[PDB]
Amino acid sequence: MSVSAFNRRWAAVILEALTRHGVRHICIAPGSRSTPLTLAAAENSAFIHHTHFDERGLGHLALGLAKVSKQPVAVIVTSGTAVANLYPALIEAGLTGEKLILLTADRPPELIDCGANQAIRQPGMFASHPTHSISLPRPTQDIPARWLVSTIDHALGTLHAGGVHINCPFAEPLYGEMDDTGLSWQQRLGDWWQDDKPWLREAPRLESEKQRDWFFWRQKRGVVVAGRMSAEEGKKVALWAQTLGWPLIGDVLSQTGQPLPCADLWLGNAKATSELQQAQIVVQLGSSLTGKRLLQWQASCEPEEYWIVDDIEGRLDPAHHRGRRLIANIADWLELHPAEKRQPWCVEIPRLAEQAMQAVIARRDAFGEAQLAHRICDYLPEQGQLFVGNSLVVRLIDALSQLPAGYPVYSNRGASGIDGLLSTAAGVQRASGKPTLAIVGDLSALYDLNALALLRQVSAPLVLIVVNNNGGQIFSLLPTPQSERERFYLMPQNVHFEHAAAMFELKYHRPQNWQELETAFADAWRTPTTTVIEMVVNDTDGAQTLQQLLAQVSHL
């Protein structure tokens, strides 16, 4: 009889099913049409609930939670442009593998395409970007609960990576006291309600087989390239490459300790590129390589075979080398393809890389963004994690710093958007509970400015460094035309972030020299709150510093 009651019973099945697949964090934005989903989630004690008013931010908060915890994270939004706002986070999840479960409330079919308020066409809205799309029917008892839980069990069970869009139509009335309507319909699931398993267990694993000729290839002159991977995997890749005697080119996202640091610099040296030409095989573990010189070297290297090992699917080599694309957990893959101790074949590169670090160290004194990135190791929170933003900061750190082996780094380097970095960082912190250092540019912070509301709640100290060089100065680094650069590229906004911090009652510092930067950190790490540290620097110094070091190191 009661439509509102059945809606919530219908919804309760969906949310309880999710808990059988390890969903613990759920991010909720406010709405009315989402009432059945939101009320079922609120009443279910298995969940940790997060809220936000900005659905674009909500998406990235969830992206952050899934990024660190490696479990699927659910999102609830109401119908309309609220759903559309989940698109950036969904597209990023599609690239880097985070499991986002988007539960999008909808008008029922009779309120579609008839000029009803807050009614849009939602099925298929995200095109091909979700891993799996479910368009749920108009709730009705004539469809049994076992069908509904199975549909969800299928989507979550077979989810190797990426997002699941579950569109959820609900007809009014949405509110009203609880009736018995739908109760017996639910009870057709029996003691599944007391169980901890899915109704339907469908969980095939996707993995490449062992390469039987590995023991043949590990004898050749090889190069190891390490991109984004877990902290423990980075440590393991360093030992593995060192044992093999192959040079290790380590991205800032690899957490390998970068035993050959400043690769973006020494790879620019002809002696380095000449020596790497003797490489017969390249084994790349991880992907989304950061540095330009590395991308250029990868694009041009012509080994007999090119392998990329990663747990995400699809092609990952933008140069399309002859070789192999191996789907596996990186740590698992290393145990299956073990190193055996062999004499190092590189002699020139270890010298060049050390000279390269030396040239950077010689310029460490100036109070600029290049120097911050170079020295950032000195500022990492103990037993914490680094969240690196996009544009210059991730590049300067890749090229100029040597990050410690196994110290956790997180990022949004799938599509490399600057639209969710503060809110993503909030999720990265909440997932692990660790003290967090997050570094972003001035435009990035403006972009996700209202996410400072989320940073009012962290479980441990989070230092947010906003590097303010007045615009997107990455476009001072690229060869953009001078006449239009300022108006159409840099887009300086001429702001500071003191009032932003005060509005959300966050501590704020604007250090003028290294001593004052060091004082600000000492203060910030004392409490489980977010501290904003704004570093004001001359617009083009970072880019020019990077360019000069490249030129200097290439002539060594």
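From 1 onward, residues are counted along the sequence shown.
Taking only CA atoms, the mean B-factor in the PDB entry is higher for 470-478 than for the other of 110-118 and 470-478. Judged by mean Cα B factor in the deposited record, 378-386 ranks above the other of 378-386 and 155-163. Across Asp310, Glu98, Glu304, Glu233, the entry's maximum B-factor at the CA atom is seen for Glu304. Going by the entry's values, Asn269 shows the largest Cα B-factor out of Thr243, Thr436, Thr424, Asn269. For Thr527, the recorded CA temperature factor ranks within the middle third of the chain's modelled residues.
In this PDB entry, the Cα temperature factor of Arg228 sits in the bottom third of its chain's modelled residues, the lowest group. Among all modelled residues in this chain, the alpha-carbon of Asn494 has a temperature factor (C-alpha) in the middle third. In this PDB entry, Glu486 carries a Cα temperature factor that places it within the highest third of its chain's modelled residues. Annotation for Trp514: C-alpha temperature factor in the highest third relative to the rest of the modelled chain, per the entry.
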